[PDB]
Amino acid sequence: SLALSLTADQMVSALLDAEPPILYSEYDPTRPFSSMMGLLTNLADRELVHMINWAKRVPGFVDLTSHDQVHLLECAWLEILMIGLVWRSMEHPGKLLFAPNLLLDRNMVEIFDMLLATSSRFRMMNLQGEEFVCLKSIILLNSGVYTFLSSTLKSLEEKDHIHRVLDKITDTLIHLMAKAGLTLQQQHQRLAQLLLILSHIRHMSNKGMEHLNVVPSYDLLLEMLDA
C-alpha cells in the first residue's frame, strides 16, 4: 500500500490536493429572502458528490473493498460535512458559513450552538489547514471501523489496514507539530486536544441525525462509488 510508505509531508500534500472546493448555495441574490432547509439540502447533496471523490483520494481508502468504503462513508458523511462547516466558519465568530452566500448568525438552535462551540474551540487552538485535513481523514477512516459486521479474514485485514493508515495520520499530525516548533510535551497534548474534539463532532452528528430519503443509503453510496 503506497499509503503506508508516505512521509508526513507526502500525506499532507495528498490530503491538501484532494480537498473539495467550497460550494455556493443556489440562493439568487437578485430575489428576496422570502427555504433554509431547501438551500441546505441542495448544498449538502452537491457536497456529497465531491465527498465521494475526495474519499477515493485519501491515501489507503481505495485499498479497501467497495463494501468497506461504503460502510465508512455511511458512518462518517454527516461528521465530514459538519467539520467542513466548522472549518469554514472559524474566522466568523458567532456565525456558521454554510456557504459564502449562506452565512447565518445564531439569531434548529441546539445543534447550531454546538457547531459554534466547535468553531470557537478550533479558533482558540489556532487549528491549521494541514491539521484540519488530517482530522477529516481520521473521521472517514475511524467512524465506521468499530462497526464492521464480518468475521472473515478479509474483514480483519481491512480493519488492520485502516488502523495502520490511522497510525500514519497520527505520525503526520505529530510531524506537523514538531516542524511548527512544539516541544514533545506540547505535541502529545495537542494531538489529544484535536482527537477529543472528534468525540464532540460524533455527538453533533448523532444529534443532527435524530433532528429529522434523507440519509444516503448503502446502495446509493455504492452506486456513487462505482460511478
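The first residue of the sequence shown is number 1, and the count goes up from there.
Other compared entries missing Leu149, a third or more: Yes: coordinates for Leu149 absent from at least a third of the compared entries.
Other PDB entries, at least a third, lacking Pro29: Looking at the other entries that model residues on either side of it, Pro29 is missing from at least a third.
In the deposited sequence, how many residues between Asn107 and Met108 have no modelled coordinates (none, 1 to 3, 4 to 9, 10 or more)? Unresolved stretch here: 4 to 9 residues.
In terms of residues present in the deposited sequence but not modelled, what lies between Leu212 and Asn213: none, 1 to 3, 4 to 9, or 10 or more? Some 4 to 9 residues are missing between them.
Selected stretch [higher average CA B-factor]: 22 to 30 or 53 to 61: Looking at the recorded C-alpha B-factors, 22 to 30 comes out higher on average.
Check the entry's C-alpha temperature factors for 165 to 173 and 64 to 72, then say which stretch has the higher mean. Per the PDB record, 64 to 72.
Looking at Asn101, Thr118, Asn126, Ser137, which has the highest CA B-factor as recorded? Across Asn101, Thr118, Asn126, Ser137, the entry lists the biggest C-alpha B-factor for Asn101.
Going by what the PDB entry lists, where does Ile197 fall on CA B-factor within its chain: lowest, middle or highest third? For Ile197, the deposited C-alpha B-factor lands in the lowest third.
Lowest, middle or highest third - CA B-factor, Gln186: Middle third by C-alpha B-factor.
Third of chain Cα B-factors occupied by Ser150: Its C-alpha B-factor, which the entry lists for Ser150, ranks in the highest third among residues of this chain.
Ranked against its chain, the third holding the CA B-factor of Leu156: Middle third, going by the recorded CA B-factors of the chain.
Would the CA B-factor of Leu43 place it in the lowest, middle or highest third of its chain? Middle third of the chain for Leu43's C-alpha B-factor.
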